[PDB]
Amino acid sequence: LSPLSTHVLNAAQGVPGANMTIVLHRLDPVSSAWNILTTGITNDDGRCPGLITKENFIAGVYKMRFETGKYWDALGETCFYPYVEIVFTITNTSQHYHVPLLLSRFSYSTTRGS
């Protein structure tokens, strides 16, 4: 029921990115600061249900921060990116938004899904 979802895939190992800290932020429309909305941790399928509610899902500029450095380092390995932040604009509120992350130690990618 969260209108915003995510999926973290460990591309190097071909398994879900489990136990990754994710932080969701929305741009404050007065200060130009990022306000924290949620912190979450991906489950064993690399997902994080409950990121936002329908009511709090308003048009805005959002930021999802993936704690890639802490993730890779609890697997005992270095990462080129200490974290990854994906910034994106939500204009149409009646759509579902899936903002996933494909990660190795030295690359990543993302796409918009529905």
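Residue numbers run from 1 along the displayed sequence.
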Inset, instruction - Would you mind comparing 72-80 and 58-66 for me and telling me which has the higher average C-alpha temperature factor in the entry? - result: 72-80
Legend entry - Among modelled residues of the same chain, the CA temperature factor third for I36: middle
Inset, instruction - Consider only the C-alpha atoms of the modelled residues in this chain, order them by B-factor as the entry records it, and name the third containing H96: lowest, middle or highest. - result: highest
Legend entry - Chain third (lowest, middle, highest) by recorded CA B-factor, residue given as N10: middle
Inset, instruction - Check where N43 lands among this chain's C-alpha B-factors and tell me if it's the lowest, middle or highest third. - result: middle
Inset, instruction - For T110, return the chain-relative third of its C-alpha B-factor as stated in the PDB record: lowest, middle or highest. - result: lowest
